[PDB]
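Working notes, structure below.
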Amino acid sequence: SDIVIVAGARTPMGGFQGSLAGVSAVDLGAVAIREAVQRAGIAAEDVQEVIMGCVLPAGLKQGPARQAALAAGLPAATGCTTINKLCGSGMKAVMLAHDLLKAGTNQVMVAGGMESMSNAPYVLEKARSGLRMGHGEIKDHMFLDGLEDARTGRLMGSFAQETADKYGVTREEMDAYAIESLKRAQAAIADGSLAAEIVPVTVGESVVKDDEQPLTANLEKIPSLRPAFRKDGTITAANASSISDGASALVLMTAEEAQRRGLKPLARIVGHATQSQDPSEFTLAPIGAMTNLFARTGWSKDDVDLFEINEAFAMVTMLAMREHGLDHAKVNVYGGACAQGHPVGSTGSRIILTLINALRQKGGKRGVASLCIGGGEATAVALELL
Amino acid sequence: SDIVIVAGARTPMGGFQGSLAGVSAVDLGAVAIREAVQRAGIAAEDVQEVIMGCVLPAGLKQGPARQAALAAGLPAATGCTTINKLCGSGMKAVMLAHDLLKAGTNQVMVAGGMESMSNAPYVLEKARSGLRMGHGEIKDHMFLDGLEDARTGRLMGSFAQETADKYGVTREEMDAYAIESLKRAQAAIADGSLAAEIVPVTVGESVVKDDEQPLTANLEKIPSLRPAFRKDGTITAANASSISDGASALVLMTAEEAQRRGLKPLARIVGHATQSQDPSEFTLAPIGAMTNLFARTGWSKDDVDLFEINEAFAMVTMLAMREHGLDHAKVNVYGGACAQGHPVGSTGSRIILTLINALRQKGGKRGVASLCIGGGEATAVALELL
Amino acid sequence: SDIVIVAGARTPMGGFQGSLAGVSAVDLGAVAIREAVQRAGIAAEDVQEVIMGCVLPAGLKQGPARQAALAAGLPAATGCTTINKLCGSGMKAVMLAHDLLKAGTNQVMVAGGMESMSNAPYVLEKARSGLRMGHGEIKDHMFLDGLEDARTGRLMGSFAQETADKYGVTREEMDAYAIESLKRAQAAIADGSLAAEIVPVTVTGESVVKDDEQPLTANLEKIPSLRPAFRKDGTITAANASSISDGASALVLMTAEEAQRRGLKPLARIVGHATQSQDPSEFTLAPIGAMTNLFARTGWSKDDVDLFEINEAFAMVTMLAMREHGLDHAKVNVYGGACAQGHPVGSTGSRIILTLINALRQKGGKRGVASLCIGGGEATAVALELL
Amino acid sequence: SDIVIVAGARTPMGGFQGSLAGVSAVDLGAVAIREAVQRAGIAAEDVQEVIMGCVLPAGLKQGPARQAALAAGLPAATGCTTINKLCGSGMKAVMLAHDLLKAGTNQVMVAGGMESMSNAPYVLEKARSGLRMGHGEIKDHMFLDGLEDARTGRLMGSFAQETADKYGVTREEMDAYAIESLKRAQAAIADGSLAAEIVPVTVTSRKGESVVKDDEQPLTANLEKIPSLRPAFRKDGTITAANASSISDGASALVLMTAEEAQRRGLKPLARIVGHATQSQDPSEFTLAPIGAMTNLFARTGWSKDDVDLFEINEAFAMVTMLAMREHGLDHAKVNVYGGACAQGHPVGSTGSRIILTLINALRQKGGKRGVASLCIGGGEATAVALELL
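Residue numbers (PDB author numbering), protein chains in the order written: chain C, 2 to 204, 209 to 391; chain D, 2 to 204, 209 to 391; chain B, 2 to 205, 209 to 391; chain A, 2 to 391.
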């Protein structure tokens with residue numbers, strides 16, 4: 002009945018057209034799954050069902066999760082499903098695995114997420130039936146089906162900008178938050194802290214073992230960047246998370262199944278929760294996400310040692326902290342997406358590994374991971390070390 | 002907790018650039034979702050969670066399932082996920098919602114699927130980074146992301162031709178299955194047999214109420230047509246399912262939740278199962294699926310009054326009927342995808358609705374629905390009318 | 002020194018995705034080059050150089066005039082060039098051929114043009130270096146490289162609209178001109194007057213296209229009620245403007261000495277040619293200048309001219325040229341023009357030369373002037389007489 | 002009428018997506034023309050007709066030559082034609098300009114060519130009517146309309162490789178001529194011999210505005226790597242990136258007049274054109290066309306190789322120049338004396354007029370009076386020009 006996380010791994014996150022541009026989302030997935038299975042102390046053959054999140058599947062070919070599982074060396078006998086809950090896909094994958102394990106459908110599962118934003122193709126909406134006469138449109142798949150509101154075509158960024166104005170969040174405040182996340186991401190790379198959640202990728210040949218974007222960023226240029234989403238706005242490239250490539254994966258089991266294998270798992274899942282509201286409000290949903298999780302769990306803000314609230318935009322984390330009265334001391338201790346980027350499919354499960362690793366290395370037992378989700382939603386997971 | 006299908010609705014199936022060509026996957030999902038909710042005798046605000054099948058999301062804009070729920074008239078408060086288990090997607094959405102109800106995450110869910118194969122756009126792969134020099138491909142998204150093996154580039158039909166040669170299934174055998182399926186579909190259209198599962202679609210403004218492909222098909226010429234996947238092969242455009250457009254949604258609840266609302270559910274989900282094996286062998290996966298399903302539930306084929314076994318190819322239903330010793334008179338009794346079409350996102354849930362309709366009208370009680378899946382898989386669901 | 006047209010052929014003019022859409026511009030040029038040379042009574046090998054106009058060469062493959070020449074049965078020893086003087090490309094082709102023969106470069110040449118506006122591809126401008134991120138555009142080759150002004154991005158019809166207003170031309174005048182062109186073009190097809198200039202084109209079942217498509221599918225009743233085409237309260241329409249069109253044209257040219265050396269009788273002598281170049285916004289007027297410059301160099305006057313071919317890019321082009329030069333509509337485009345037939349951009353310039361010659365032979369004149377306007381602000385004119 | 006070259010200029014040659022990638026073919030055209038009309042000591046207005054060679058006009062907008070002239074600053078009264086005779090376009094523009102001048106059509110013309118191979122777009126053949134079902138193609142305009150045989154679809158390098166094989170030409174021989182072409186091209190750059198023929202081009206980068214004054218490829222070529230380069234056109238071939246000219250960006254323009262019109266203006270022209278010739282044969286034998294073209298020119302002019310002080314025989318491949326030199330019995334010390342296309346590159350639309358400018362300049366500086374300029378042409382052709390300094 003108690004659902005435990007046995008092991009996991011994430012690739013480095015790559016800059017846009019950066020260090021993982023040579024690697025398909027499927028191959029990044031395969032590497033995370035392979036490593037998570039190996040760390041979990043089980044053979045490939047034991048994995049009953051795979052669920053992998055992926056927001057941008059055009060050009061990935063038939064069954065991104067299925068391709069990822071086989072190239073991870075999981076046998077044909079492992080059934081696979083790819084899921085899209087946008088930004089939250091990765092967490093939603095861990096939340097479906099969780100419910101399937103409590104439903105008694107399976108005993109060992111892989112859940113996680115993958116994105117190569119660098120390899121999203123373009124689409125021709127009128128190629129098939131004919132353009133006929135006159136100039137036409139080639140659509141960016143990542144903007145069209147990923148980053149843009151469907152009803153109004155506006156980038157999630159320009160929604161984030163109306164909310165930051167509404168809450169009196171400042172240019173300097175969001176830059177201060179984004180600088181601090183950068184410093185923490187740099188410190189964490191430098192002292193070897195992230196090694197324990199990372200699996201290197203090899204791409209003539211070359212090993213990417215460290216998050217690219219925080220080792221390339223210039224903290225000095227940050228107060229002078231142009232507003233990214235609205236003329237004379239306050240949100241920039243640096244105080245919003247960057248387009249990125251990465252994959253993440255966990256092995257979940259029932260506790261009985263861990264113990265039956267003689268495995269000591271990392272963490273039990275205490276609960277999960279979902280908040281859904283107007284798309285315009287997506288950056289605020291984690292507040293809702295987390296108040297639902299507190300009510301379901303029994304937990305309050307006092308019970309939690311560490312939080313991972315994803316930095317989709319600096320303002321998302323800051324307003325969640327403010328509305329829930331949290332200290333930046335307890336929140337994204339190793340930095341986050343502003344410094345490292347946001348591979349939308351993967352971040353949802355990635356922040357769940359990061360939370361564990363930091364609970365383990367900083368000496369906590371209880372954590373909450375949470376992120377906002379295009380279309381106006383947010384997921385949250387409550388977690389205890391064992 | 003017992004898990005029940007309270008109500009369900011399916012659009013007509015349209016042919017490739019046919020009757021529903023003017024309607025997006027999202028809008029087909031919305032017609033179906035709104036009508037299921039209506040038929041369940043609840044309000045839109047009552048649906049806590051939505052999961053919808055969708056194999057080809059290119060061009061549909063952000064969160065297909067999310068756009069469908071909201072255009073259905075479901076509030077922003079209902080949370081939404083899009084899933085992809087290829088031709089299995091709609092059955093997998095119903096399986097996930099089943100397991101989430103058993104886990105106690107929700108009490109009311111909509112699950113189903115939605116495909117506009119007509120409106121699948123074209124994909125340009127290396128445009129983003131630059132083609133640099135030399136010619137390139139522009140990929141049919143439907144082919145690349147839907148119908149072709151990933152590792153080989155081979156259409157699933159090419160795998161089905163192989164398997165059928167290997168099992169000694171002949172052209173006249175496959176065509177005999179195909180002519181019978183057609184007469185069942187035509188009869189069922191003329192009968193008014195399928196008025197209870199269908200919700201019409203408005204595209209002047211003409212209402213589409215009937216499956217068009219069964220009506221347009223030339224029963225006469227089935228044995229004349231050229232082979233599809235090999236110049237001397239036995240599989241044709243008519244003993245394989247056609248490209249089509251459609252959607253389908255069910256309302257699922259706990260037994261207790263339908264009882265509290267004083268609703269009369271249609272059916273109980275007795276259980277589900279998945280089978281996964283080599284991609285080249287996907288056509289045979291339903292045999293293994295139906296074996297896992299009898300094991301999981303203690304059912305036998307003698308327990309089953311009616312089967313709905315998806316006719317992705319005639320040879321898939323003929324081989325599953327050969328290996329399980331089934332009567333054709335009890336399989337796909339209002340026809341199937343050889344006559345009607347296969348909108349790959351929707352068919353998995355569609356056949357669950359069609360199985361319940363025929364059990365009610367033909368007066369059985371116990372039903373099995375199963376279908377094959379790109380990547381070497383099949384899913385299976387056992388239900389019982391209440 | 003004296004320069005003669007020995008013979009020629011033009012394909013029918015097909016509509017946009019109409020009768021010749023299954024045929025490439027290279028293959029339409031091949032049909033017209035082949036028949037011109039059969040009608041001249043010379044061997045493929047007696048052709049020393051080819052010059053073919055083609056405004057929309059993208060997707061046509063290496064050397065459009067080279068391909069059409071070879072497909073037409075001409076040997077590899079015949080040198081080929083492709084030219085683009087926009088709408089004038091096909092007249093200019095004849096013009097360069099005339100000068101090369103004058104200069105002693107060759108004794109026997111083929112000159113004309115070809116266009117498949119139906120087969121014009123789409124172009125993607127940044128796909129080589131990278132779109133990087135964001136929505137981009139896919140550009141209609143026919144519009145980007147043919148029909149739009151490069152400096153403004155404005156359709157030629159948008160220039161034509163402003164000029165027609167400035168010169169006091171009305172909806173009713175242009176529609177009336179364009180109904181007359183329709184009636185002439187239908188007459189000439191039905192009574193067989195165009196047979197002798199046309200080479201039929203067999204398509205792929210297999211069938212023979214022998215008649216210009218567009219005058220036969222035109223709705224005369226709708227003309228007066230059509231929406232303005234290039235400005236929301238304009239007078240110009242799809243009907244009194246020329247339509248996108250497919251086809252090709254080809255003439256054999258020689259010095260007079262070579263004609264009599266081989267003992268041929270040529271159709272016509274070329275008395276001279278002229279070019280008028282001015283502001284692209286004034287391109288509909290440039291023919292007025294072109295004919296003026298021609299009258300100055302030949303020593304002809306309007307009154308020496310028995311028949312005129314003045315291409316109907318727009319009905320106001322021919323109207324304004326007719327008004328300024330004081331020409332009798334009865335002596336101008338006697339078998340109709342491009343308002344009814346279409347304007348295959350690269351072919352038209354040489355086509356009206358062949359039509360002018362057929363018209364003089366059957367209506368019983370001697371002296372003709374072909375002129376057309378050119379995108380970018382130009383115009384060419386040719387002086388002909390029958391022998 | 003005698004026909005004189007009064008003046009001309011050619012842009013530096015940019016490598017594929019290199020030094021001139023941000024300039025359109027037309028902007029390179031404008032720059033060459035404007036500098037040629039200035040050096041010719043005439044006014045923009047005195048130019049009555051423009052003929053510009055351009056092999057890849059997709060995406061350049063309506064009337065490439067017309068835009069080149071208007072942007073250079075020639076008035077709207079100056080008539081303009083774009084021409085395509087593939088690799089020979091530039092030279093064809095000048096031959097046509099020579100003929101129209103001889104025929105009395107004009108007294109003052111501009112001829113040349115312009116190519117931006119960097120900025121050639123892609124084309125979708127079936128997008129108009131629609132792909133309907135199944136995977137289609139997106140074609141490289143440079144390849145489809147410039148560099149491959151229509152009939153066979155084969156790259157011009159494929160034919161080149163097959164002719165080299167047919168004649169027994171060795172990797173070593175081909176590399177030895179390319180090593181010499183690059184030495185010549187480096188030495189020409191460094192002691193400023195190319196300065197007189199070149200008009201610099203102004204470019205932009207994230208650095209700001211800079212000036213491109215030099216041919217980039219001779220400067221960034223690795224001389225020592227050349228024997229070690231992989232073959233370019235068949236698994237176990239002899240032709241490579243170094244012994245075949247490179248894809249390139251560039252424009253060139255000449256002012257032509259009748260000798261009378263130049264006299265009338267008090268100008269002193271650079272050279273008279275003594276004649277031109279063309280050779281056409283099977284597209285597979287394009288690399289051999291220059292041999293016939295020169296034989297035909299010799300026949301039309303009454304000249305022999307003994308009358309000729311310097312030659313430019315464009316190095317589309319090392320083997321083009323090498324086979325012409327062997328068959329015409331030519332001295333390599335008198336052929337491509339400032340290097341050629343193997344070192345510098347090959348903007349297909351400009352190279353025909355460019356080499357005529359290089360040949361005049363070599364003749365004034367290295368000495369001599371009489372030159373021949375000849376190059377091969379995709380589709381199996383070749384043009385040649387004989388000219389005399391005045």
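Cβ atoms here follow ideal geometry from the backbone N, Cα and C, with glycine treated the same way.
Beta carbon of residue i nearer than 8 angstroms to that of residue j
i      : j      : result
C/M326 : C/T288 : no
C/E198 : C/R11  : yes
B/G147 : A/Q187 : no
B/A128 : D/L132 : yes
C/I84  : D/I34  : no
C/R273 : C/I4   : yes
C/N337 : C/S182 : yes
D/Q108 : D/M258 : yes
C/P65  : C/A22  : no
B/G276 : B/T241 : no
C/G30  : C/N120 : no
Under the three-state DSSP convention, the category residue i falls into
i      : result
C/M96  : helix
B/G16  : strand
C/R265 : helix
D/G30  : helix
B/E389 : strand
B/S194 : coil
A/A294 : helix
B/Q282 : coil
Which residues DSSP lists as bridging residue i, in chain order
i      : result
A/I6   : A/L257, A/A272
C/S249 : C/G16
A/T106 : Partner(s): none; A/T106 has no beta bridge.
B/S375 : B/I314, B/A385
C/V202 : C/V213
D/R11  : D/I199, D/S253
A/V24  : None; A/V24 has no bridge partner.
C/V111 : C/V51, C/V256
Could you tell me which whole beta strand (DSSP E) segments of length 3 or greater appear in the stretch 310 to 351 of chain D?
311 to 314
Could you pull out every unbroken beta strand (DSSP E) segment of at least 3 residues lying fully inside the stretch 113 to 167 of chain A, listed in chain order?
123 to 125, 137 to 141
Decide if the stretch 90 to 99 of chain B is in contact with the stretch 51 to 62 of chain B; the criterion is three or more beta carbon pairs, one per stretch, under 8 angstroms apart.
yes
Please specify which runs of the alpha helix (DSSP H), each continuous and at least 4 residues long, are wholly inside the stretch 32 to 98 of chain A, giving them in chain order.
65 to 73
Does the pairing of the stretch 151 to 163 of chain A with the stretch 159 to 167 of chain D give three or more beta-carbon distances under 8 angstroms?
no
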